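Participant: Quick one: structure below, then a few questions.
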Amino acid sequence: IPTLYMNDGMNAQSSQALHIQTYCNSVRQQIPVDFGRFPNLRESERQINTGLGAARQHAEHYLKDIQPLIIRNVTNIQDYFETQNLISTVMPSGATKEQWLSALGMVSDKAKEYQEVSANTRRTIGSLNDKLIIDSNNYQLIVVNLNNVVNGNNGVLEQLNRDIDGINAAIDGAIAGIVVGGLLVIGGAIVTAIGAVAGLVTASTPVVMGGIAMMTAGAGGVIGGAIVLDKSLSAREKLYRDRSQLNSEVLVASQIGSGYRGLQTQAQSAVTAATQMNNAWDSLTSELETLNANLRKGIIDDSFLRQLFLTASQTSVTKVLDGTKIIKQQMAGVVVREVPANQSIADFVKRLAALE
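Here it is in structure tokens:
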């Protein structure tokens, strides 16, 4: 069972990591707000842009310091299972009990080192989640204050925040399912695009923060997922259209707030995936330590270990090794499309849906 927990952990963390990576890129592409036209909104502009700087730093911390740890974890799984296959192919024909005890000791020590890497990753994303919880909650105070400065209706603003939170669940879900479905496609790719979360007006700063599309490309390059994803992206754009009675600068502040909270939502999902991955390494190290103790105590013998390691090599190891190779290629091979300045993310995906 540890090998299947390992495989499920790797698939879930790898697919989620691509989603939070794209989300982070959307945060880093958000232009600072400009309330230059309204002099007594200067303090609200500074607070929001201070917030956006902090959000950009959190996104950069994920991209630069955490994503490489998730890829490393996949390499560690590969190296663990290659070492397990080495044991399985060299030791059953002739290895002594002494050699089996050393093998279990040395492979348990390597698994424990990989487990500790997974645990450091979990703690690092846990700390980032915690800072994002604090910062995204404090950010919402700025939006309420700005709504008060312009004598806005706080019931309309709260109804918009509740609606966007609701639709963000659907968008997050649709994207999670698209990336899960594409992760293990041989020769396939993940295609990404960043754009405005609401309809664009030529004559209000556009907000691309959490304005993401993720789709699949097969071996032949043909896009999948745009039709699926188009329903929720258009829904978000429609919920913002239905509150164009709200103050324009409040709307922008609110959209950045939903983006900041959405970045925290992604970080929470990354904690969950990292916890599942650490728990899967724990089950593997626990098994290997138990085998080592059981052999030393004469509760199992070399014949038991021959059976276990020959069966392991022939049953679920090949699927995990194939996965590590496909996952590394997919994570290195993400395709970015540039969205034209006059297309929202929903307009861009709708044009792709029309072609699928």
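With the authors' numbering applied, the sequence shown covers 3 to 205, 208 to 360.
For each residue, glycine too, the CB sits at the ideal point set by N, CA and C.
1) Straight-line CA distance for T276 to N42?
2) Shortest alpha-carbon distance to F313 belongs to which of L356, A172, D137 and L88?
3) Are three or more beta carbon pairs between the region 14 to 31 and the region 177 to 186 nearer than 8 Å?
4) Tell me the rounded alpha-carbon separation between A274 and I177.
5) Which term fits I188, buried or exposed, when burial requires 16 or more other beta carbons within 10 angstroms of its beta carbon?
6) Ends of the beta strand (DSSP E) at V340?
7) Can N296 and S110 be called in contact, C-beta distance under 8 Å?
8) If we ignore side chains and look at the alpha-carbon of each, how far apart do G215 and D165 end up?
9) Which stretch, first to last residue, makes up the beta strand (DSSP E) that contains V212?
10) Just mark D81 as buried or exposed, buried being the case when its beta carbon has 16 or more other beta carbons within 10 Å.
11) Among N122, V211 and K112, which one has its Cα closest to the Cα of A345?
12) Write down the C-beta distance between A105 and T289 rounded to the nearest angstrom, noting that I regard them as a contact closer than 8 Å.
13) Measure how close the beta-carbons of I79 and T328 come, nearest whole angstrom, since I'm counting them as under 8 Å.
14) In three-state terms, what does DSSP make of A358?
15) Would you identify the three-state DSSP class for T194, choosing helix, strand or coil?
16) Assign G224 to one of three DSSP states: helix, strand, or coil.
17) At 3 residues or longer, and completely inside the region 112 to 186: list those beta strand (DSSP E) runs for me, N to C.
18) Within 10 angstroms of its Cβ, does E62 collect 16 or more other Cβ (buried), or is it exposed?
19) From the DSSP output, read off the bridge partner residues of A217.
Facilitator: Per the coordinate set shown:
1) The residue you call residue 276 lines up with position 272 of the sequence shown. The residue you call residue 42 lines up with position 40 of the sequence shown. Here the alpha carbons of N42 and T276 stand approximately 43 Å from one another.
2) Here the question's residue 313 lines up with position 309 in the sequence shown. Out of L356, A172, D137 and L88, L88 has the C-alpha closest to the C-alpha of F313.
3) Proximity of the region 14 to 31 to the region 177 to 186 meets the contact definition, three or more beta-carbon pairs being nearer than 8 Å.
4) For the purposes of this step, residue 274 is taken as residue 270 along the sequence shown, with counting starting at 1. For the purposes of this step, residue 177 is taken as residue 175 along the sequence shown, with counting starting at 1. Approximately 14 Å, taken between the alpha carbons.
5) Taking the sequence shown and counting its residues from 1, the one referred to as residue 188 is at position 186. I188 is exposed by the Cβ-count criterion.
6) Numbered from its first residue, the sequence shown carries residue 340 at position 336. Per DSSP, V340 belongs to the beta strand (DSSP E) from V339 to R341.
7) Position 292 of the sequence shown, counted from the start, is the residue given in the question as residue 296. Position 108 of the sequence shown, counted from the start, is the residue given in the question as residue 110. At a Cβ-Cβ threshold of 8 Å, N296 and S110 count as neighbours.
8) In the sequence shown, the residue the question calls residue 215 occupies position 211. In the sequence shown, the residue the question calls residue 165 occupies position 163. So the alpha carbons of these two residues sit roughly 16 Å apart.
9) Here the question's residue 212 lines up with position 208 in the sequence shown. Segment: none, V212 is in no beta strand (DSSP E) and carries neither H nor E.
10) Your numbering for residue 81 matches position 79 in the sequence shown. Flag for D81 reads exposed.
11) For this step, residue 345 is matched to residue 341 along the sequence shown. Of all alpha-carbon atoms in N122, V211 and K112, the one lying nearest the alpha-carbon of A345 is that of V211.
12) Counting from one through the sequence shown, the residue named residue 105 turns up at place 103. Counting from one through the sequence shown, the residue named residue 289 turns up at place 285. Distance from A105 to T289 at the Cβ level is roughly 15 Å; contact not present, criterion being Cβ atoms closer than 8 Å.
13) Sequence index remark: in the sequence shown, residue 79 carries index 77 (1-based). Sequence index remark: in the sequence shown, residue 328 carries index 324 (1-based). Yes, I79 and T328 are in contact; Cβ-Cβ is about 5 Å, under 8 Å.
14) Taking the first residue of the sequence shown as position 1, residue 358 is located at position 354. Assigned with DSSP and collapsed to three states, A358 falls in helix.
15) Taking the sequence shown and counting its residues from 1, one reaches residue 194 at position 192. Residue state, collapsed to three classes: strand.
16) As a first step, residue 224 must be located in the sequence shown, where it is residue number 220. Assigned with DSSP and collapsed to three states, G224 falls in coil, not helix or strand.
17) Fully enclosed beta strand (DSSP E) runs of no fewer than 3 residues are not present anywhere in the region 112 to 186.
18) Here the question's residue 62 lines up with position 60 in the sequence shown. Exposed.
19) By one-based count along the sequence shown, residue 217 stands at place 213. According to DSSP, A217 bridges with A195.
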